[PDB]
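Note sheet for the following structure.
Within every chain, numbering begins at 1; the chains are lettered A, B, ... in the order of the sequence lines, protein sequences first and strands thereafter.
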Amino acid sequence: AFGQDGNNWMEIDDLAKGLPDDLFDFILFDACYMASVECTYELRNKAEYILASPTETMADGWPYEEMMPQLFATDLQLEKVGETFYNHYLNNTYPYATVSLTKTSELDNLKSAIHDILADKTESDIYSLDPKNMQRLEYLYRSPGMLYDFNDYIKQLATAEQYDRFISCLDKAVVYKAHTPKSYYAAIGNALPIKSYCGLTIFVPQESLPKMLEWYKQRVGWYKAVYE
Amino acid sequence: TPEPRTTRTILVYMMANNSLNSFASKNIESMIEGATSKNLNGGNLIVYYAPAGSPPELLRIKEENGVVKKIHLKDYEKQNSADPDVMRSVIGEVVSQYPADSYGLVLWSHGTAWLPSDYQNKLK
């Protein structure tokens, strides 16, 4: 979800409804967890570029003072803005930050590469994966671990040929990424290492989370796009 | 009475009626430090600010006489900033009054990717 107003939140499909099509050049999420392949896909017609963090961001947020001339530059380069964010946190008391820049025009091709891997996969195939072999990128309160590194998940399921195609498409879509050595998670009060990093998270369906999968099927466009 | 079309308008949509309330003000002050005439490069910096203890407001951040100011554009009545209709309406007001060749959106709030807001109830 995105955006808390009292008790009310925007679900990812509601956020897509709150945004006009093909108006914004970019959306910058100063918010945790928004560099999610599903979220970027849901918002693919809402911007040309999505600049966001796949993990949590410190409360101080993005370095607006330093970013300002970059955001308003005649030759806007969002990779520079992302680098300003990263370099700020790298040199901060709490050096914990992840960032990625997604080029939405390349998401349809990436979807096809992922569809060709996941559409024939069964619950048995997916539930056979051991989460311990993939980089976890989310530690929400009471979560058993739902969001993992996108590359790590796909690498576990793809044939070598499929994987090569995926990497070619991934590199066209994720045009810039950076991470500090560790990422900090509020619910655990600790920072944990990032050993594998592509810039985007994905849901890893697990046998203990059938209700989460049912909701994802019904409400997250990516599911029907790549699993069916 | 729209402003002359400029090179860029950026809208910062701040949903801060939550635990980030205290940090929204710090982020706005950071924007004020950066938003000089030279740095804005003719562009518009507009902020929709929805904090905890008061109704939302629309602000323009712009330098005048050597000082970057928060200029009050309007006060909204109490409204759900997470309602997509409200977001669309604010975006429309901003784009209409501050036309540009290019637009950017900063979405500022809590986030949990695609997860349902009631995810804690879907863990068993």
Side-chain angles (χ1 to χ4, degrees), chain A residues 1-6 8-12 14-15 17-20 23-34 36 38-39 42 47 59-69 71-74 76 138 140-144 146-147 201 203 208-209 211-212 214-216 219-220 222, chain B residues 7-8 10-15 17-20 22-23 26-36 38-43 45 50 52 79-88 91-92 95 102-124:
Chain A
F2 168 75
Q4 185 173 19
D5 192 65
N8 307 116
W9 292 80
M10 317 187 82
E11 307 308 335
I12 186 58
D14 301 328
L15 175 50
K17 292 186 257 198
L19 295 167
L23 178 68
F24 293 108
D25 177 55
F26 68 89
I27 296 168
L28 192 168
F29 282 99
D30 188 341
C32 302
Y33 296 122
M34 305 306 313
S36 145
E38 299 95 332
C39 293
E42 199 86 12
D60 289 335
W62 289 52
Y64 291 98
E65 181 178 356
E66 294 74 14
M67 287 163 52
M68 202 63 57
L71 283 167
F72 281 98
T74 300
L76 176 57
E138 163 273 311
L140 289 165
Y141 182 48
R142 298 184 44 217
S143 173
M146 299 177 284
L147 316 184
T201 67
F203 181 39
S208 71
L209 301 176
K211 295 178 177 65
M212 199 72 65
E214 187 54 41
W215 196 88
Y216 186 83
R219 299 289 295 281
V220 177
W222 186 248
Chain B
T7 49
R8 189 162 311 125
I10 296 172
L11 173 61
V12 185
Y13 192 97
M14 298 183 90
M15 282 181 276
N17 181 18
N18 54 51
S19 63
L20 298 167
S22 55
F23 295 91
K26 294 181 169 292
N27 282 174
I28 292 168
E29 289 312 303
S30 187
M31 296 172 213
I32 290 165
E33 291 287 286
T36 66
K38 184 71 168 59
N39 293 346
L40 295 197
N41 191 27
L45 182 58
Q79 63 185 22
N80 178 4
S81 301
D83 187 326
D85 288 343
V86 172
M87 178 178 279
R88 271 302 283 284
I91 291 170
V95 166
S102 74
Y103 300 95
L105 186 63
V106 177
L107 284 176
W108 192 106
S109 199
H110 286 303
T112 53
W114 54 271
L115 290 167
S117 63
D118 63 349
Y119 79 90
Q120 294 192 18
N121 290 335
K122 303 187 199 303
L123 300 175
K124 304 196 173 184

For this session: Report yes or no: does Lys122(B) contribute a side-chain atom to a donor-acceptor pair with the main-chain N or O of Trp215(A) at less than 3.5 Å?
Result: no

Problem set entry | Side chain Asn18(B), main chain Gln4(A), donor-acceptor under 3.5 Å | yes

Exercise. Which bit of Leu19(A) is near chain B, if near means a heavy-atom gap under 4.5 Å: side chain, backbone, both or neither?
Worked result: both

Problem set entry | Donor-acceptor pair, side chain of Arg8(B) and main chain of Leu71(A), under 3.5 angstrom | yes

Seminar exercise, completed: When rounded to the nearest 0.5 Å, the distance separating CE of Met87(B) from CG of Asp5(A) is 10.0 Å

Problem set entry | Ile91(B) portion near chain A, given a 4.5 angstrom heavy-atom threshold | side chain

Seminar exercise, completed: Separation between OG (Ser143(A)) and CG (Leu115(B)), nearest 0.5 Å, reads 7.5 Å

For this session: Heavy-atom distances under 4.5 Å only: say whether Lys124(B) touches chain A with side chain, backbone, both or neither.
Result: both

Seminar exercise, completed: Bottom line for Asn80(B): the part with an atom under 4.5 Å from chain A's heavy atoms is both

Exercise. Do side-chain atoms of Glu11(A) reach the backbone of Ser117(B) as a donor and acceptor pair under 3.5 angstrom?
Worked result: yes

Problem set entry | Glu29(B) versus chain A, the contacting section by heavy-atom distance below 4.5 Å | neither

Exercise. Which heavy atom of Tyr64(A) sits nearest a heavy atom of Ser30(B), and at what distance?
Worked result: N-OG, 3.6 Å

Problem set entry | Interface moiety of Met67(A) toward chain B, non-hydrogen atoms closer than 4.5 Å | neither

Problem set entry | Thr7(B) versus chain A, the contacting section by heavy-atom distance below 4.5 Å | neither

Problem set entry | Gap between atom CG of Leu123(B) and atom CE of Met146(A) - 0.5 Å precision | 6.0 Å

Seminar exercise, completed: Whatever's closer than 4.5 Å to a heavy atom in chain B on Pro20(A) counts as both

